[PDB]
């Protein structure tokens, strides 16, 4: 997910601009739900996943808010000590403590019901078992017991009218989530919210710890520790699942790294390119980043150095020149299925080969597989989520950065060989592979573009619509499942704020019994495709002037 918030110092024809692109994957009906609430202390408009009581994306006429996943490390695994002589128990602080347990029955359509037991310790629910050593692992979440508080914090934050009131609520949101703030006065802010454990000295958060007591968390860190910033000197706040703050540790996921190579740089570059941005320019950043190859910037220097000495007739040389002339912005050909430039395909094949030759080679099987992906891998239906720089590529990046990398290279990923040799060897692989498939005339190479699918199964892999309701878009776009922009104090409007969003396919997922689709079943689908957007209304006057229907209910609790 990405987000950029432009403050008074960088906003043109406005005091603040918030553009949010949460990336949840794409689904039909829409992942998020448009909703406006007016009363009981609320006056809000926007849209939110699964129609949560609290709007994750919206504003209340005074401040606006947004989110992207935090990816902090708020989960540790405790290795519980079991005894075959004491089933259902585990050793904790010198005593054998009884596990919590519960019976569950899975009822099955056209099948036999299954009953099983779920087990839990003071550290959390049990993953499985390993009774050879008599061990079972429990998953400890720093937010355990704060689920409802997080839901509520996301709701009450909608009533905040300043930074202080808003952070009061951010402090109660316990999941690892980046929260963003902007207001009518041009103030902008950011908080990496969430409960994080205060771990015992020497506790490596990347590896399990004994559950016998000595390694239990001391508690949770105070809100003071949560990375946060209000009105940064830079004049903007940009995030694309990158690190919140210098020295801040990332999730322990082996496939997730915050390093020198990070896609957020693509956003920073565009925001810093111009002293000030208008609302339309801020919005255009969606289009640009969604089409931006994320590896070109990272490896082109390496590619150029390796081929700087090769003769013009060397094909490896011409592949690099092709990349050097390219801005990395993919565009579909008129066939609506291939990309105008072959750059991504070149980088894909090259990077795949590089990783195989370097990181993959230095890592023992089967772990080596963790580092083999180029990040371009996809199916006919296209990426199920955002595109990112692969974990293997981020490691390779540190390696090709040489001494400019702060990461000690305990093992030389190029294993003694000159990096140029390996780079050139991968370019040879790339020319062979690609020229074999597309011929020797690069200028007529029409490589397959990635497509995009609004899936009928929700992210769980569970049907939330009939298969036929799946929708397809020719151009894959590395952008938010929805995009919303709030512009505070726009100089060309009579309103203190303007806002837009796009909820595709549409607001309604309703299909009547006779198959008749709702009028708002698909009326934002084309809008999504062409980077369009529609106005979000807040004031009673704006809502009234744009009323399509009305219904009054009279009910008593």
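Numbering follows the first chain given and starts at 1.
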Comparing 1-9 with 547-555, the higher average Cα temperature factor in the PDB entry belongs to 547-555
Higher of the two mean Cα B-factors (48-56, 521-529; per PDB record) comes from 521-529
Entry record, C-alpha B-factors for 458, 93, 374, 384; the maximum is at 93
From 167, 226, 390, 185, the top C-alpha temperature factor is at 185
Entry-reported C-alpha B-factor of residue 160 relative to its chain, by third, is middle
Residue 124: C-alpha B-factor third of its chain, per the entry, is the middle
By the entry's values, the third containing the CA B factor of residue 352 is the middle
Tertile call for residue 28 (CA temperature factor, within chain, third-based) is the lowest
Binned into thirds over the chain's modelled residues, the C-alpha B-factor of residue 272 lands in the highest
